[PDB]
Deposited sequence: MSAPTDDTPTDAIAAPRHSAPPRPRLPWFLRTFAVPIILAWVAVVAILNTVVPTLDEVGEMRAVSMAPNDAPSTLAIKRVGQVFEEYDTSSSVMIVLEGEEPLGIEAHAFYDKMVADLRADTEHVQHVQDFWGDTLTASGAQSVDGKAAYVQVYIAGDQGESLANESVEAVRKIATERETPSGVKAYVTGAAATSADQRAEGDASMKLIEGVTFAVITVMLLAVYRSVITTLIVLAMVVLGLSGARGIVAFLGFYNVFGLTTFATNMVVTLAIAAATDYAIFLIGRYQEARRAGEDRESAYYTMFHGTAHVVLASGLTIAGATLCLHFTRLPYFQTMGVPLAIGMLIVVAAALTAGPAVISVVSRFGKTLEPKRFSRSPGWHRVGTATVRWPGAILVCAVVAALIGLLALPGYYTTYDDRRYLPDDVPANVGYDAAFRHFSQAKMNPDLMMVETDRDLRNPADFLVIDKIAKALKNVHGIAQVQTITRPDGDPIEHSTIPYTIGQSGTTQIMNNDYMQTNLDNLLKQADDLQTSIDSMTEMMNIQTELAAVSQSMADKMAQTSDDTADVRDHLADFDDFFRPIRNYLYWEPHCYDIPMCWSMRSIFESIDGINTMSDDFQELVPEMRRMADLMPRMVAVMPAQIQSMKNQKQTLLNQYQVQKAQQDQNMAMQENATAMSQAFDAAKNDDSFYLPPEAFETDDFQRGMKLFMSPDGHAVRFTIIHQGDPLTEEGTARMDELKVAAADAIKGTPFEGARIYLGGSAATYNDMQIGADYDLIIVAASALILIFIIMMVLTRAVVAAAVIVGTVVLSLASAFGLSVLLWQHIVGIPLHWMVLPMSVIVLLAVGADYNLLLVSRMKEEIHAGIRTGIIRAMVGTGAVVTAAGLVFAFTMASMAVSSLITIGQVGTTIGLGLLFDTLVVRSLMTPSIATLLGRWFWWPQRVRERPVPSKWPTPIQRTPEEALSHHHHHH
């Protein structure tokens, strides 16, 4: 009277294993490697409706210069002040850049014209910079290719002695970030596998069992990689560095956890005295639903990213869910098949300890005897991490999160050695009318607008037609001058319908004060256009500061939406499986409390020890994984409690603690260490995400699963399983 599903998985184990291996091999061989697919299918990091991107694109369209939103700055640095040779080299480089229309779309030559030459040259005179609008939006593969082409054009040429060109900028930073993440993914995988091997040898103390678990992990990881790369290659969805790295790490960790659960339950059945066939059937009956529910929870939590606004999270959503589904399918079908096939030979999967752990029994007895005090202590420990909130802050520049030898970092270092960050991050503001503004009164009004913008606090320079370098030059004889005509061509649209101001903020515009300055600039422009024929003009404001403001707004909204959706979906899944509202609520609440400790530990590790503030993407990525895995562990505990409750509530809790003590502890340690192994990446954002998830899962395994959940269960008693009667 064996159930049909485990019987089928056991009788046809060899065909199932062969089919899984063949499918995974086909997926990997037919389509290129995941790194190449991610490079080809990289997506822009800014939403198409972002105000900054729209403003920059509108400026490009109006002036008939470009249709992109990505600009890289080429900085010429010299050991001696630049002169005739440097100018000739710069002119040749500009001509070559303009020749390559495939990648370069516009070159804002300001050092060339004597009208704005002083603006583009450093105070010491040993350096200069030129902005280049390149094809493709920041982040996508076309932008990376354009950055590489610009860098090749600038560096690979005959340069004057002591003069070097560096291609810095936000687009270059994103390209180098993607390159570093893709490069470090291999090292992440290697270190993760080494850590997993060490942990498995420690847990099982058997080389054969470790090899079996490693084989299952390799199968699951390879399947997830193959399907993700296959779908990405055929343009089903976009991919990012974070998406690929998290797919790989989560696949490895989830496969290892599922294998640990199955093998631990099988070995517990063996220790109970059941034969190998009966042990396998007991293992399946006791862990198949738990593994399926845990995988569905992880997949749904990851899929919740798909309903965000920022392109990175949204593009990360679907691939993670698909990969988790593949890992679960492999674990529930190839898992038991491998276990049966292996256990049919010698003393392979038979346990070596053949003894119980008095520590877990003692912990269970203590938790049952004194639930209130243990619960209070666990809650206090979880909420201690809230102390990191007052000191918590984030930065948006990615220079800190990349290695110094990175070309973008070298360019930024040279620029900051010779220029200020405000100049390297100018803010563009276009005022567009439906008439021609090439009349002296309109120029007076434009100068008034520029003065209004300068009056705003933290506004260092306002370059425009009336202020080519920020210093004002108005008879028509001024118009008759050729330099004024060139300035009009540079700062006004070909038809004269629009005028663009370049605003350099005092200090650093990439701050909260910078956002306030942006808002005040919009207000000042609106005030200036009042009462003038410019009243109907539309105002667009783009740049690095506006882009980072949009990123901040999107990050906040995405964090809120992701947290809410993940909580609701996980609660629904746990309610469906456990058939108890109170149990699911307890699981979700305990993991939510663990989240605060996770955040506190991560902030303490990175801000106050390493010295690098958490990236603006770490928390939304880490929240879903922490919630899913903590819910899975509490689900294991609750499921075993439901199985053992027939002997009594407290006796059932103690038996659940004993049975699922070592297995879930080993699984949690393995998952936490696999996540923490991402810290080896050169990209520091991925390391922060991995360390945050690892710390959170360590706290959940040590405190939440062991103490908080059993204490809450004991205190609730019969009400823990409401509404179903016990």
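- Absent C-alpha positions map to the deposited sequence ranges 1-21, 495-692, 946-973, in order along the chain.
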